[PDB]
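Here Cβ is always computed from backbone atoms with ideal geometry, including for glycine, and neighbour counts include all displayed protein chains. What follows draws every value from the coordinates through simple rules; no lab data is involved.
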Amino acid sequence: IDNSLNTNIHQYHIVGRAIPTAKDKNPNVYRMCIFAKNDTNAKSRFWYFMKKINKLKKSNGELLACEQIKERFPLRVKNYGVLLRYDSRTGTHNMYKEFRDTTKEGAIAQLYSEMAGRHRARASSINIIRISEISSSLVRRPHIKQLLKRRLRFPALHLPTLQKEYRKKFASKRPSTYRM
Amino acid sequence: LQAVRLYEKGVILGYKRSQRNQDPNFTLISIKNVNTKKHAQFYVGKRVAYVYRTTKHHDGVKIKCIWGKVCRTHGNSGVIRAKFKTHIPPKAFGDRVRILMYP
Amino acid sequence: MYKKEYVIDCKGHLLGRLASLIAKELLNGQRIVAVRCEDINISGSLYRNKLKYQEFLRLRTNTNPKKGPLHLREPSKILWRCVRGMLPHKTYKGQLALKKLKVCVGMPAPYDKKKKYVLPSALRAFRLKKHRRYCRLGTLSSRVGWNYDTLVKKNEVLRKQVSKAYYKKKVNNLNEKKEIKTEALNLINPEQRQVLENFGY
Amino acid sequence: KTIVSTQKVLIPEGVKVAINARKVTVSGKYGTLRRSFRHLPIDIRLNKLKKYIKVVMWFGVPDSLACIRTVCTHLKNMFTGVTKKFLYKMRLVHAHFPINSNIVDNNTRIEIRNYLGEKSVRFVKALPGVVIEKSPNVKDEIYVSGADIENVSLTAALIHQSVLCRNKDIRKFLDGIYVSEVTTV
Amino acid sequence: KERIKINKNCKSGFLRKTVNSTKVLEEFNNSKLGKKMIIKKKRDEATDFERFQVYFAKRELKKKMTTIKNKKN
Amino acid sequence: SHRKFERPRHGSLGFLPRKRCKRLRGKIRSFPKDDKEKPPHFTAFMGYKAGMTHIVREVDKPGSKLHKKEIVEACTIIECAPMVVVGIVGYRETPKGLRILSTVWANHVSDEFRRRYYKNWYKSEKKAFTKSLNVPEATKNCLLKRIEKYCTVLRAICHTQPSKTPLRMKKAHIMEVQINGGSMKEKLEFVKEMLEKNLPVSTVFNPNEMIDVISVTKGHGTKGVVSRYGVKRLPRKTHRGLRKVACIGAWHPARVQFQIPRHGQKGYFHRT
RNA sequence: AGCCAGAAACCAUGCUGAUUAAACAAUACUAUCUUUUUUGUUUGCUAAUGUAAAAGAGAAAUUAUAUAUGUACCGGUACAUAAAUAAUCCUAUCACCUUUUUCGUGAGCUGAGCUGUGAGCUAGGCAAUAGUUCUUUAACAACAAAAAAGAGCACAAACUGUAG
RNA sequence: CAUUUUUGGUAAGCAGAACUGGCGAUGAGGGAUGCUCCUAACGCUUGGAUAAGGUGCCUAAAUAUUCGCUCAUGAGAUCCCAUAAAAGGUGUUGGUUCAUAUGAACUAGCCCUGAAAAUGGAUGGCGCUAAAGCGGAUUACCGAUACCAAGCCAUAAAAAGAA
RNA sequence: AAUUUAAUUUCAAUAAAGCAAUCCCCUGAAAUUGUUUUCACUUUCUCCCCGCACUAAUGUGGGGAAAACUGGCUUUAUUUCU
């Protein structure tokens, strides 16, 4: 529906297996959940992991399932812990981060934004190894601990912007910053 | 007073330029009220009249007219492309135009 | 625009944006009187701006400064130069736009009688954070020796005090107009009076 | 980063405050002191009845925390100043030549003669509201007093800066007038 | 300006029940910004005859008001 | 490449252009500045250079080699006919500089004053200052009041009396003199009372004063670079000339770099 | 964050130029001429036309922006009031003539009376009109004719030589 | 001449090869400008919608949305492309290992130092710091003689024809 | 501006019932190859105790209770109140 705050990164549960052979009379079936912008991207990342772990390329296997995975309670805000492997210019690093968000997909988008903004790391150079809902008391980030207080009621303190129609070129008098 | 105008005001901008390139087939029109594509879309098919003043008597008169019609936007702020029956002069860039209420 | 003369009170406005908005209007078609032009804001610091003006002064010509550039010292002329930069001034179309612009430091009284407009996106408050350094264009000009400042300071104060006397008189007049309007609202025929009230009187 | 940062600033009993829109003014026995903080964008609020001031910042960063701690210290100094003037006791050191300290202009300008036997006059005028007296008790001692710790210190610094040698060794030659003791009346 | 105190976990039924209880929209209508918005809304939707009637009413008012200004001196 | 041996440039760059002045009369660039405590007084005077003489003077000069002993010195003599004030000028400060509001004139003027306006005094009917012969005294007073109220600099329009001289010229030199001292009102009272009188140099100056001297130099027409700028003369061997010019300079600028010495006007320059 | 003193450096000041500003101000005298109204401006010439922007070309708080403006006390204190700011206010469009009652302002007569002008109320029966759109001539400025009214300098030539 | 592989030579807009694509023999749109980079190869026209590429103004479209990071007393800003490194930094930002919400140690992001030249001087210029900077993302809009439909011209082929 | 019948772990009210209180839709933390079992977790503009105004606050720091309004589940009907 939305296109004003929207994230098109979604989560897909993907299942595949090795093709039956004389050597592989009974295959091994493999499942994983993967965050991607589309089904082809999800599949290609799944295939890359099948290649990295197993000996199975797209040629050597067959896809059992790919399906988008559904938010249980979208109105509820939840504490996500996310564990990364990422590449810098001069090396590879592991990192564990906390985000309070409605859903895991919002968190992954936030994570890519954070890694890009603060570390210059592109989506290609990041690998999420597990994102999951965790207890509020177990968060290490002060900015999320501050939200988790009993009484939250800060003053808003931001600029007006309106929209294109009432985005006047010139004005008779000077604007009111406080807004009250 | 004596006259009633019965059009809305506009400003004949340039032709439908792009950086260092010219298309003279389409003219760019600023309509006083508008500042959005969506609002401009209301006025989209309307007949447009460029009236201008001259030195000598032509058909006994010193006022002449070019006709065109609005037809599609040129931006999100509602600046609109108009196609005319003959090209309006660069001399008349920044001059006033009449946007009629019909059809 | 669609009006004979825009007058702009350029106090508290940020240089680049103020110039750009003025320039596009000149190009669109409009005579524009830029007023109160020492109280324009540059986003750099005083030292940083002094350095920039120093570089501008350093730029000259080896050959013959009679064919050199102009190091205009007026804050109004600084705005004018910036607008000129934002116009294709070596053309005829640009020259006509350039001629349409009028610049003045302080409030010239024939155009103080006129209404003043502002450009709301271009204020120092509007596009700069509070905790980041800035510098007033008149302050910078004074630093690099323009020094026509005290006269304007006196003139602006005298004009402002008269404007206060004008504002109180205007308030008196408006209050009296409100009082007669409210009294003579009773005398209107009921239905018509109800309609006028409905649509916001 | 943080959403909320606060400070609760105790005020002495006699202080007559007037601090609106971050233009802080404190009055007391020794004077009225005015000091803008309008470059600092924080919600100091007064409480007259139960005394104290509450300072609060919205959407703090460590820069903001530095500002809050700085302002509260600065405000406390303003209270301290009006209640009791800040006194900088400056001892005049010389290992050879008598250096003549003649206070002129009603405790406003100290005349200094004969630094390193120069046979010449250095006059060093004070800032607004900072009195320069001499000590009856200790011959070398000079009292620099006023309502503001910054102006008295600056006045003292000016006196040091005025005295100091161009080019005879800093380790060897120790002579000049220095700030010994920072007190109040 | 207005705010209604509610428990933090509440959903749509309770929000409807609370809004109906507290009648906040009436408070908004009374409020000056709300009042400017609703007056503007009427003016926006006003018909051609209604527009003339506003003109005609103001014309009657000016005639009477000017006559009162004559009266005052 | 750099010059092997260094040597200061010939003449001052700061007195380009070396060209003729556009007036015979000296031009004061700037006047004495604010001194409210001092009473109103005249700042300037025109007089005629008559010649030079020498003097014998007794010298104090403490610790000098000469010290107590007497010196012989060259000195200039300037005949100074008393200037007459004829007009009042009221100037007002603007961000565009000082601007005249109005000028107020005396109740009669000299023939010698009028001669300066006429190019053909002999063959004319001499009608200047005849509608402006008189106006109401109320008009004059209003202008004076107006000038006090709004003007912030006062100058007096003064003129020379060449009729008291042996010179061929009979045209007066007419001139503004700033008045420096107290309030504009006190100044205005001072100029009004002084007006029609004649001012000796003793009324303006005191002996022993140090004075600034404003004049156009002695002419010489268009002269060569050697004369104009003092460059080292050409070698004994040359293809052409000996007062002929040096090299002009580098290929870059691809133009004459203006700082080069050149043939042109020498003298008749304005100088302080 | 906030500040201070501090160099042959820097910018003014000073000084020189300024048909480098296609710059300008004040003053003096003068050219059947100026001013108001009417009609015109579809042999080099001898009536005479030009506008880059009329369409309601409508709108004069102010420091502001981690709060403003009044009012009351002594730049400070106390008390009100703004906070979609042009998302507002002003403002057009009751042709006519004729009957009736009121108020503003200008002019002539000897404060006042009357007339004109501007604005209203009160009563009447009185207009429009080209067969369907192809500018709605509606703006500004200039000029020619017709009436009515108002009020000499410079160059050259001789002489000069502080100049060339 | 370019990518990639590449030999000699201190290196070289140097000499010498390989594969392929260009230019040569080529307009057009972008790359601020530019024979070669990118987009893309061209009868004459009308309209559309896009590409490369853009959207603070010059200069056509957003002072768009959205999350970070960034203040520099010579910041930085689109391949080729017009400098830049080892090495430092108690500037700020994230990490990670240790110790007892503080003390250590590392780590890489930005920023700073390392970092000097010749007419006056070059992110294209003006400018920009709640960006018009740097790193992302979200759309809309603008954007070619390339792309689609239509007309007309010639060339090529095919139909079809000796009241 | 919409629209059709499918498809895909999708609701939300409506007003009567019930059910459990650190409990539950959930989510934690624990003892080849499957299980399964443990205790951890809600609200409050409710009440109490200490600190009595100690707070960013029309409150508050610490310590405890209370309930099921709030949320959650099981129902029974209801969908143009939403």
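B:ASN35 satisfies every condition listed in (1) closer than 20 Å to C:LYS24 by Cα; (2) touching a residue at least 40 places away in the same chain (Cβ under 8 Å); (3) away from RNA strand H (no atom under 11 Å from the Cβ) except (3). Pairs meeting the criteria (first residue in region F:2-20 and of a type in the set (A, V, I, L, M), second residue within 16 Å of RNA strand G (Cβ to nearest atom), beta carbons under 9 Å, at least 6 apart or on different chains) are F:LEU13/F:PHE258; F:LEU13/F:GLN259; F:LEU16/F:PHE258; F:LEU16/F:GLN259. Residues considered: F:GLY230, F:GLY241, F:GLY224. Of these, the only one that is more than 16 Å from RNA strand H (Cβ to nearest atom), in contact with a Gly (Cβ under 7 Å, 6 or more places away or on another chain), away from chain C (no Cβ under 14 Å) and of a type in the set (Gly, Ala, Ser) is F:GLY230. Selection of region F:178-209 for residues being free of Cβ contacts under 8 Å to residues at least 40 places away in the same chain and either over 15 Å from F:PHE42 (Cα atoms) or in contact with a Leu (Cβ under 7 Å, 6 or more places away or on another chain) (or both) yields F:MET184, F:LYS185, F:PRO207, F:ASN208.
Of the numbered criteria (1) surrounded by 14 or more Cβ atoms within 10 Å (Cβ to Cβ); (2) within 30 Å of F:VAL153 (Cβ to Cβ), the one C:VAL157 fails is (1).
Quick check on A:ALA109: is it more than 10 Å from RNA strand H (Cβ to nearest atom), more than 30 Å from C:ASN28 (Cβ to Cβ) and outside any strand (DSSP E or B)?
no
The set of residues in region D:106-141 being within 24 Å of D:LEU33 (Cα to Cα), outside any loop (DSSP other than H, G, I, E, B) and touching a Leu at 6+ places or on another chain (Cβ under 8 Å) consists of D:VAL124 alone.
Scanning region D:57-65 for any residue that is in contact with a strand residue (DSSP E or B) (Cβ under 9 Å, 6 or more places away or on another chain) and assigned to a strand (DSSP E or B) turns up at least one such residue.
Among the residues of region C:86-116, those that are surrounded by fewer than 20 Cβ atoms within 10 Å (Cβ to Cβ) and either at positive phi or within 14 Å of chain A (Cβ to nearest Cβ) (or both) comprise C:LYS114, C:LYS115, C:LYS116.
Only one entry in F:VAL109, F:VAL104, F:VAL85 is touching a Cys at 6+ places or on another chain (Cβ under 8 Å) and under 30 Å from F:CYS151 (Cα atoms), namely F:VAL85. Could you tell me whether any residue of region A:152-172 is within 14 Å of the chain's Cα centre (by Cα) and away from chain C (no Cβ under 14 Å)? There is no residue in region A:152-172 that is within 14 Å of the chain's Cα centre (by Cα) and away from chain C (no Cβ under 14 Å). For beta carbons closer than 8 Å, sequence separation of 6+ or different chains, a first residue in region E:26-41 that is loosely packed, with under 13 Cβ neighbours inside 10 Å and a second that is assigned to a helix (DSSP H, G or I), the qualifying pairs are E:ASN29/E:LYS35; E:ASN29/E:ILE38. Restricting attention to region F:147-170, the residues that are part of a loop (DSSP other than H, G, I, E, B), buried (at least 16 other Cβ atoms within 10 Å of the Cβ) and under 20 Å from the mean Cα position of the chain (by Cα) add up to 2.
Only one residue in C:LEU51, C:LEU26 is within 14 Å of chain B (Cβ to nearest Cβ) and assigned to a helix (DSSP H, G or I), so which one is that? Break it down stepwise before answering.
Working: C:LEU51 fails: within 14 Å of chain B (Cβ to nearest Cβ).
Answer to the check: C:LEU26.
Taken as a whole, region A:137-147 holds no residue that is crowded, with 16+ Cβ neighbours inside 10 Å and closer than 23 Å to A:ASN38 by Cα. Selection within region A:139-166: residues that are within 14 Å of RNA strand I (Cβ to nearest atom) and basic (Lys, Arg). The member of this set that is farthest from C:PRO120 (Cα to Cα) is A:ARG140.
Test of understanding: among F:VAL225, F:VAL245, which residue is buried (at least 18 other Cβ atoms within 10 Å of the Cβ) and out of contact with any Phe, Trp or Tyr (no Cβ under 9 Å at 6 or more places or on another chain)? Reasoning before the result, please.
On the way: F:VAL245 fails: buried (at least 18 other Cβ atoms within 10 Å of the Cβ).
Step by step, each of F:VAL225, F:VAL245 is checked, and only F:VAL225 is buried (at least 18 other Cβ atoms within 10 Å of the Cβ) and out of contact with any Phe, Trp or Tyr (no Cβ under 9 Å at 6 or more places or on another chain).
Among the residues making up region C:117-126, a single one is within 7 Å of another protein chain (Cβ to nearest Cβ), in a helix (DSSP H, G or I) and in contact with a strand residue (DSSP E or B) (Cβ under 6 Å, 6 or more places away or on another chain): C:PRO120.
Would you confirm, using the coordinates I've provided, whether D:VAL61 is in contact (Cβ under 8 Å) with a residue 60 or more places away in the chain, within 12 Å of another protein chain (Cβ to nearest Cβ) and more than 25 Å from D:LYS84 (Cβ to Cβ)? For D:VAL61, the condition - in contact (Cβ under 8 Å) with a residue 60 or more places away in the chain, within 12 Å of another protein chain (Cβ to nearest Cβ) and more than 25 Å from D:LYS84 (Cβ to Cβ) - is met. For region C:74-96, state whether one or more residues are assigned to a loop (DSSP other than H, G, I, E, B) and small (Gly, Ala, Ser). Checking region C:74-96: not a single residue is assigned to a loop (DSSP other than H, G, I, E, B) and small (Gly, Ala, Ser).
If the condition is being closer than 30 Å to C:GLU191 by Cβ and assigned to a loop (DSSP other than H, G, I, E, B), then region E:1-51 contributes E:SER31, E:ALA46, E:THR47.
Considering region D:1-47, the qualifying strands (runs of 3 or more DSSP E), each wholly inside and each with 3 or more residues that are within 16 Å of RNA strand I (Cβ to nearest atom), away from chain C (no Cβ under 14 Å) and surrounded by 15 or more Cβ atoms within 10 Å (Cβ to Cβ), run over D:4-9.
Going residue by residue through region B:14-22, is there one that turns out to be touching a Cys at 6+ places or on another chain (Cβ under 6 Å) and either more than 14 Å from every other protein chain (Cβ to nearest Cβ) or over 24 Å from C:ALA97 (Cα atoms) (or both)? No: zero hits.
Would you pick out the residues in region C:58-68 that are surrounded by 11 or more Cβ atoms within 10 Å (Cβ to Cβ) and more than 9 Å from chain F (Cβ to nearest Cβ)? Selection gives C:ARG60, C:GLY68.
For region A:60-88, name all the residues that are surrounded by fewer than 18 Cβ atoms within 10 Å (Cβ to Cβ) and under 19 Å from A:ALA121 (Cα atoms). Don't jump to the end; show me each part of the working.
Step one: of region A:60-88, the residues surrounded by fewer than 18 Cβ atoms within 10 Å (Cβ to Cβ) are A:60, A:62-77, A:83, A:85, A:87-88.
A:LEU83, A:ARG85, A:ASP87, A:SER88 - these are the residues of region A:60-88 that are surrounded by fewer than 18 Cβ atoms within 10 Å (Cβ to Cβ) and under 19 Å from A:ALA121 (Cα atoms).
Just checking, does region F:35-48 include any residue being among the β-branched types (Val, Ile, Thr), surrounded by 12 or more Cβ atoms within 10 Å (Cβ to Cβ), in contact with a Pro (Cβ under 8 Å, 6 or more places away or on another chain) and touching a residue at least 60 places away in the same chain (Cβ under 8 Å)? The answer is yes; a qualifying residue exists.
If you check A:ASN28, A:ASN8, A:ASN38, A:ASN3, which single one turns out to be loosely packed, with under 15 Cβ neighbours inside 10 Å and more than 25 Å from A:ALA109 (Cα to Cα)? Steps first, answer last, please.
Values: A:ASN8 fails: more than 25 Å from A:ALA109 (Cα to Cα); A:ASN38 fails: more than 25 Å from A:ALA109 (Cα to Cα); A:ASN3 fails: more than 25 Å from A:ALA109 (Cα to Cα).
When all the criteria are applied, what remains is A:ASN28.
Taking the residues in region F:89-128 that are of a type in the set (A, V, I, L, M, F, W, C), assigned to a loop (DSSP other than H, G, I, E, B) and in contact with a strand residue (DSSP E or B) (Cβ under 8 Å, 6 or more places away or on another chain) as candidates, determine which candidate is surrounded by the fewest Cβ atoms within 10 Å (Cβ to Cβ). Break it down into steps so the answer makes sense when it comes.
Residues of region F:89-128 that are of a type in the set (A, V, I, L, M, F, W, C), as a first pass: F:89, F:98, F:100-101, F:104-106, F:109, F:113, F:121, F:128.
Subsequent filtering for residues that are assigned to a loop (DSSP other than H, G, I, E, B) retains F:106, F:109, F:121, F:128.
Still in the running and in contact with a strand residue (DSSP E or B) (Cβ under 8 Å, 6 or more places away or on another chain): F:106, F:109.
Values: F:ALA106: 15, F:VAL109: 19.
It comes out as F:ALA106.
With respect to C:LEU174, determine if the residue is part of a helix (DSSP H, G or I) and away from every other protein chain (no Cβ under 11 Å). Yes: the conditions hold for C:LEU174.
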